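In my numbering, the protein residues as written are 1 to 47.
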């Protein structure tokens, strides 16, 4: 995977770091879209 943020990463809140992850090709089997967009090629999701 790769570290990748969400739509509401946390501009003024705790734990705002890359706790989300990009899965290229498409997402991981237990995660979901944390944003409307995804990536260049890939897709960002959270858990």
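Just so it is clear, CB atoms sit at the ideal spot from N, CA and C, and this is done for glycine as well.
Minimum C-alpha distance to residue i - residue among the options
i, options, result
"residue 2", "28, 22 and 9", "22"
"residue 5", "35, 29 and 27", "35"
Element boundaries [beta strand (DSSP E), containing residue i]
i, result
"residue 24", "First-last for residue 24: undefined, no H or E at that position."
"residue 45", "43-45"
Inter-residue Cα distance where the pair is residue i and residue j
i, j, result
"residue 17", "residue 24", "20 Å"
"residue 13", "residue 19", "13 Å"
"residue 11", "residue 43", "21 Å"
"residue 30", "residue 46", "9 Å"
Assigned exposure category for residue i - 16 Cβ within 10 Å defines buried
i, result
"residue 37", "exposed"
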